[PDB]
Each structure stands twice: as C-alpha cells, then as structure tokens.
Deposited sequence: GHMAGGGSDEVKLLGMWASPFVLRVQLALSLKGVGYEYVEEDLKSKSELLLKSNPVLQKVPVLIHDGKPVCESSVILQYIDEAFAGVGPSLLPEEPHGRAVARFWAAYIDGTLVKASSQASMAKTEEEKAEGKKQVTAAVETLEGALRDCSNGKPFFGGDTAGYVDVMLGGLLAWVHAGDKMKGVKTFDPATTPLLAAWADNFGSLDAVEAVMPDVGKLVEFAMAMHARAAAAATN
C-alpha cells in the first residue's frame, strides 16, 4: 500500500498504530517482527532504539507510537476523522494525558509488585477524572468519536485484559472507576477497534 507497519502482534504500542490506521480506514502492509532476531528493515529503519512500531510511508520511517499517531493525523488529514482536536488548548489537554499514560500509567503497569500495584490504582483513579473532565458526558476522551487519548489508552486494553484475567482483578472495576469500565466496553465494541484487537487468550499465553 506504500504504508508498512513493522509490528509485533502482542505489543500495545503496535496496537495503537493499528487502531489509528483502522479508525481512518488507511490500508497498510503489516510485517511481524521477531524481536529475538531483528530484521534488516527494522534495524535500518529504527537504528537508535530498534523497537516496533515503525511506520514506513513512501520510504520514510516513523518511530514511537505517540509520534506515529500524530504523523498519521497530519499526513492522512483528508482520510477519515482526526484524532487530535482542532484547537491548541484541546491539543495540549490530549498531549498531557498521552504523556501521563506513558509516563505514569505504563511506568506503574509494567512494574506491576505490591508497591507498583499501589501506583497503578492511583493512576487509574486519576484517569477516571480525566475521562469525566475531557468527555463532558460523552463516551470518549475525543467526544462522540474516539480521539488521540482514546487510542493511547485503547492500545493497552488487551494487555490490561490479559493481566486482569491472570490475576483475578479488574483494573477498570465498575465499583471504583465506572466511566473507564464503560469506556473500555464502548471503545472495545467499535468496528474499527474489533477488526485489529488481538485475542486476549493468545496474549495470556505469550506472557
């Protein structure tokens, strides 16, 4: 398609890029990376970090899921809806919660063991507040349609579901964070999301 994703099926960072491409309806070639013996194309395309996702558009590689999400938004502006808000302030809000998901939630969630689990439920509690304040009674961070923040968090949903099914816990417990519980179901049930969301059972085996 002249759009190539260097991927790994179990990565939430790769799932972010798949979700962004799917929501717009941009076609792409998926290439599965073996991260134990990395491809020539991966090592040439991301020489500094050697991680997936990499998006290659028209010979030019793009690295880091949040950078890729923004790239997609700028380069495919005329194809399907935008993830980023139109106005500077709304964009600043979206990038803030993007930074928080990666800098706070993922630092804690990857670390989660007891002490890490204290930080995870604190970060989830904050994200319940983010959703109430961003959404304004609408289903998503982006409003009536899924936006940047929804994709950054939505990318981690299968990872979160697998973790939950292993432990016997709900990260998005309806008793504690009802808005996030409903959001996981609403985002999860989008046709564009269901088309790329990996089987949870398969994730569990991998981990």
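Trainee: What portions of the deposited sequence, indexed from 1, have no corresponding C-alpha atom in the structure?
Mentor: Going by the record, the segments left unmodelled (no C-alpha atoms) fall at 1 to 8, 121 to 128, 224 to 236.
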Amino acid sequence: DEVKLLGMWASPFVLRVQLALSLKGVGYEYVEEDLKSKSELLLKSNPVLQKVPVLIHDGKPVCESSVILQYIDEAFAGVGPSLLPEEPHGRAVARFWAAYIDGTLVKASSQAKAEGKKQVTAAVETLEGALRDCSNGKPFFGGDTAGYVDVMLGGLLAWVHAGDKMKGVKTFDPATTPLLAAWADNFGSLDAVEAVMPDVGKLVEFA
From here on, numbers count along this sequence of modelled residues.
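Trainee: Can you tell me whether 184 to 192 has a higher mean C-alpha B factor than 10 to 18 in this record, or the other way round?
Mentor: Averaging CA B-factors over each stretch, the winner is 184 to 192.
Trainee: Would you mind comparing 129 to 137 and 98 to 106 for me and telling me which has the higher average C-alpha temperature factor in the entry?
Mentor: In the deposited entry, the stretch with the higher C-alpha B-factor mean is 129 to 137.
Trainee: Which of these has the highest Cα B-factor in the record: 51, 170, 44, 57?
Mentor: Most elevated C-alpha B-factor of the set, per the entry: 170.
Trainee: For the CA B factor values reported in this entry, which option in 166, 26, 68, 146 has the top one?
Mentor: Largest recorded C-alpha B-factor: 166.
Trainee: Looking at the temperature factor on the CA atom of residue 34, which third of the chain's modelled residues does it land in?
Mentor: Highest third.
Trainee: Among all modelled residues of this chain, ranked by Cα B factor, put residue 158 in the bottom, middle or top third, i.e. lowest, middle or highest.
Mentor: Middle third, going by the recorded CA B-factors of the chain.
Trainee: Comparing against every modelled residue in the chain, figure out the third that the C-alpha B-factor of residue 179 lands in (lowest, middle or highest).
Mentor: According to the entry, residue 179 has a C-alpha B-factor in the chain's middle third.
Trainee: Can you work out whether the C-alpha temperature factor of residue 72 puts it in the lowest, middle or highest third of the chain?
Mentor: For residue 72, whose C-alpha B-factor we compare with every modelled residue in the chain, the answer is the lowest third.
Trainee: Residue 93: which third of its chain by C-alpha temperature factor?
Mentor: Ranked within chain, residue 93 CA B lands in the lowest tercile.
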